[PDB]
Amino acid sequence: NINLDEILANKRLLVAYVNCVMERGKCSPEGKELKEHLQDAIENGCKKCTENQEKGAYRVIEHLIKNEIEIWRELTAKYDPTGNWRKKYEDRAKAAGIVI
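What you see is numbering from 1 along each chain in written sequence order, possibly unlike the entry, with residues lacking coordinates removed. Side-chain measures were taken over the full set of non-hydrogen atoms in the model, leaving aside hydrogen atoms and water.

Moving on to the side chain of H63. Helix and strand definitions follow DSSP, with helices as H or I runs of at least four residues and strands as E runs of at least two, each counted in order from the N terminus. Mapped onto the elements of the fold, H63 is located in helix α4 (residues 51–67). For this analysis, residues touch if any pair of their heavy atoms sits within 4.5 Å. Contact partners of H63, with chain neighbours within four places excluded, come to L8, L14 and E68.

We now examine the pattern of salt bridges. In the sections that follow, a salt bridge refers to a side-chain nitrogen of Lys or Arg positioned within 4 Å of a carboxyl oxygen of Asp or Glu. Counted by the stated rule, this structure contains nine salt bridges. Between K55 and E51 there is a salt bridge, and its shortest N-O distance comes to 3.6 Å. Separated by four residues within a single helix, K55 and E51 lie in helix α4, roughly one turn from each other. One salt bridge connects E54 with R92, and the closest N-O pair in it is separated by 3.2 Å. Within this pair, whereas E54 is found in helix α4, its partner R92 is found in helix α6 (residues 86–96), the two being separated by 38 residues in sequence.

The next point concerns the nonpolar core. Core analysis: the largest hydrophobic core is formed by 26 residues, its most contacted members being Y17, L38, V60, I61, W72, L75 and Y89. Looking at which element gives the most residues to this core, the answer is α4, with six residues. If we ignore the near neighbours within four places in the chain, the residues touching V60 are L4, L8, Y17 and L38. Buried residues of nine kinds, namely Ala, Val, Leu, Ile, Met, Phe, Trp, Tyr and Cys, make up a nonpolar core once their side-chain atoms join them within 4.5 Å. Relative accessible area decides the class of each residue, using a 1.4 Å probe on protein chains only: under 20% of the type maximum gives buried, over 50% gives exposed, and in between gives partly exposed.

Interpretation note: all reported values are geometric properties and have no functional meaning in isolation.
Written out as C-alpha cells, the structure is:
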C-alpha cells in the first residue's frame, strides 16, 4: 500500500519510515528501498541516485525541514555527523521559503 505521498500525508507512515531510516524500526517493502535514497542524499548528497530517487529524497528532506525539524536534526546528525550536506539542503529549503 505504501507511497511517498502516503508517507508524508500520514504521520504514522512517516514515523514508521523514519524509524526504518534511523534503523530502529522495521522497514516496509518500499520503506526498505526509499531508505537507500534518503541515506545517500544525507550521506553523500545523492551521488549514486537516479533522477527520480533524488527528487524523492529532497522531497522528504524538504518536508522534514519544514514540518519535522527535529526528525531532520537527527537524520543529518546520524548519517552526516561531519556536516557535508546538512547546510546545502537547508539552503535549498530556505531558498524555497522554508525558514530556519
